[PDB]
$ cat input-v4.pdb   # PDB, C-alpha atoms
ATOM      1  CA  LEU A   1      43.447  37.619 -18.462  1.00  0.00           C
ATOM      2  CA  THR A   2      44.829  35.181 -15.944  1.00  0.00           C
ATOM      3  CA  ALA A   3      41.425  33.550 -15.516  1.00  0.00           C
ATOM      4  CA  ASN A   4      40.474  33.314 -19.193  1.00  0.00           C
ATOM      5  CA  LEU A   5      43.852  32.605 -20.677  1.00  0.00           C
ATOM      6  CA  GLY A   6      45.076  30.492 -17.817  1.00  0.00           C
ATOM      7  CA  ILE A   7      48.298  32.361 -17.443  1.00  0.00           C
ATOM      8  CA  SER A   8      50.302  33.672 -14.552  1.00  0.00           C
ATOM      9  CA  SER A   9      49.817  37.093 -13.018  1.00  0.00           C
ATOM     10  CA  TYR A  10      53.371  37.885 -14.189  1.00  0.00           C
ATOM     11  CA  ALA A  11      52.394  37.183 -17.781  1.00  0.00           C
ATOM     12  CA  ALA A  12      49.062  38.934 -17.305  1.00  0.00           C
ATOM     13  CA  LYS A  13      50.740  42.104 -16.029  1.00  0.00           C
ATOM     14  CA  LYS A  14      53.086  41.855 -18.963  1.00  0.00           C
ATOM     15  CA  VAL A  15      50.120  41.538 -21.347  1.00  0.00           C
ATOM     16  CA  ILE A  16      48.635  44.594 -19.592  1.00  0.00           C
ATOM     17  CA  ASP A  17      51.701  46.669 -20.401  1.00  0.00           C
ATOM     18  CA  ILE A  18      51.573  45.636 -24.017  1.00  0.00           C
ATOM     19  CA  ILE A  19      47.813  46.136 -24.575  1.00  0.00           C
ATOM     20  CA  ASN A  20      48.194  49.461 -22.764  1.00  0.00           C
ATOM     21  CA  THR A  21      51.177  50.636 -24.811  1.00  0.00           C
ATOM     22  CA  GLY A  22      50.252  49.297 -28.212  1.00  0.00           C
ATOM     23  CA  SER A  23      47.642  50.984 -30.284  1.00  0.00           C
ATOM     24  CA  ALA A  24      46.755  48.918 -33.327  1.00  0.00           C
ATOM     25  CA  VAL A  25      45.191  45.570 -32.501  1.00  0.00           C
ATOM     26  CA  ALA A  26      47.381  43.671 -34.973  1.00  0.00           C
ATOM     27  CA  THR A  27      50.423  45.339 -33.489  1.00  0.00           C
ATOM     28  CA  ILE A  28      49.455  44.369 -29.963  1.00  0.00           C
ATOM     29  CA  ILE A  29      48.636  40.754 -30.918  1.00  0.00           C
ATOM     30  CA  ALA A  30      52.105  40.314 -32.386  1.00  0.00           C
ATOM     31  CA  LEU A  31      53.790  41.770 -29.335  1.00  0.00           C
ATOM     32  CA  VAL A  32      51.733  39.851 -26.777  1.00  0.00           C
ATOM     33  CA  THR A  33      52.198  36.573 -28.637  1.00  0.00           C
ATOM     34  CA  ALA A  34      55.952  37.209 -28.651  1.00  0.00           C
ATOM     35  CA  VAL A  35      55.958  37.772 -24.917  1.00  0.00           C
ATOM     36  CA  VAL A  36      53.664  35.022 -23.722  1.00  0.00           C
ATOM     37  CA  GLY A  37      54.827  32.548 -26.312  1.00  0.00           C
ATOM     38  CA  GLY A  38      51.433  31.534 -27.362  1.00  0.00           C
ATOM     39  CA  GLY A  39      48.668  32.641 -29.637  1.00  0.00           C
ATOM     40  CA  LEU A  40      46.299  32.806 -26.763  1.00  0.00           C
ATOM     41  CA  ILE A  41      45.939  36.531 -26.864  1.00  0.00           C
ATOM     42  CA  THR A  42      44.126  36.976 -30.100  1.00  0.00           C
ATOM     43  CA  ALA A  43      42.319  40.039 -31.512  1.00  0.00           C
ATOM     44  CA  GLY A  44      39.339  39.153 -29.407  1.00  0.00           C
ATOM     45  CA  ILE A  45      41.400  39.033 -26.272  1.00  0.00           C
ATOM     46  CA  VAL A  46      43.231  42.281 -27.150  1.00  0.00           C
ATOM     47  CA  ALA A  47      40.024  44.193 -27.937  1.00  0.00           C
ATOM     48  CA  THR A  48      38.306  42.943 -24.823  1.00  0.00           C
ATOM     49  CA  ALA A  49      41.315  43.464 -22.547  1.00  0.00           C
ATOM     50  CA  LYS A  50      41.896  47.058 -23.646  1.00  0.00           C
ATOM     51  CA  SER A  51      38.209  47.769 -23.195  1.00  0.00           C
ATOM     52  CA  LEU A  52      38.290  46.219 -19.695  1.00  0.00           C
ATOM     53  CA  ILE A  53      41.295  48.361 -18.725  1.00  0.00           C
ATOM     54  CA  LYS A  54      39.386  51.370 -19.981  1.00  0.00           C
ATOM     55  CA  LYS A  55      36.328  50.732 -17.790  1.00  0.00           C
ATOM     56  CA  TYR A  56      37.523  48.651 -14.906  1.00  0.00           C
ATOM     57  CA  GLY A  57      41.224  49.124 -15.140  1.00  0.00           C
ATOM     58  CA  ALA A  58      44.547  47.473 -15.816  1.00  0.00           C
ATOM     59  CA  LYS A  59      44.504  45.423 -12.627  1.00  0.00           C
ATOM     60  CA  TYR A  60      41.047  44.146 -13.493  1.00  0.00           C
ATOM     61  CA  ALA A  61      42.113  42.875 -16.840  1.00  0.00           C
ATOM     62  CA  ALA A  62      45.165  41.304 -15.254  1.00  0.00           C
ATOM     63  CA  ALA A  63      42.852  39.087 -13.203  1.00  0.00           C
ATOM     64  CA  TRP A  64      40.537  38.567 -16.190  1.00  0.00           C
TER      65      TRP A  64
END

$ encode --input "input-v4.pdb" --output "structure tokens"
Amino acid sequence: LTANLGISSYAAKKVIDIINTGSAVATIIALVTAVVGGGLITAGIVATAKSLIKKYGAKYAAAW
């Protein structure tokens, strides 16, 4: 997340919590956008990020 979005690790970890907690993609997008203050985390980012945390893990996606 940090690498692709160009955000801090703080924000990335925050995104992680949201993508981890939220279920519906649209629901997550709205929450992440509210937290990071940018429309950077789109459906594509959400879908990818949750899939990365599934395989590689939360900490992986944080770096991604």

$ closest_residue --input "input-v4.pdb" --among "A:14, A:5, A:22, A:56" --to "residue 40 of chain A" --atoms "all atoms listed in the file"
A:5

$ residues_around --input "input-v4.pdb" --residues "segment 41-45 of chain A" --least-positions-apart "3" --cutoff "9 Å" --atoms "only C-alpha atoms" --output "ChimeraX atom specification"
/A:1,5,15,25-26,28-30,32-33,36,38,48-50

$ residues_around --input "input-v4.pdb" --residues "residue 62 of chain A" --least-positions-apart "4" --cutoff "9 Å" --atoms "all atoms listed in the file" --output "list in words"
residues 1, 2, 3, 9, 10, 11, 12, 13, 14, 15, 16, 49, 53, 57 and 58 of chain A

$ axis_aligned_box --input "input-v4.pdb" --around "segment 41-58 of chain A" --padding-each-side "3 Å" --output "AutoDock Vina command-line options"
--center_x 41.1 --center_y 44.0 --center_z -23.2 --size_x 15.6 --size_y 20.8 --size_z 22.6

$ atom_distance --input "input-v4.pdb" --atom1 "atom CA of residue 61 of chain A" --atom2 "atom CA of residue 27 of chain A"
18.8 Å

$ closest_residue --input "input-v4.pdb" --among "A:60, A:54, A:18, A:8" --to "residue 34 of chain A" --atoms "all atoms listed in the file"
A:18
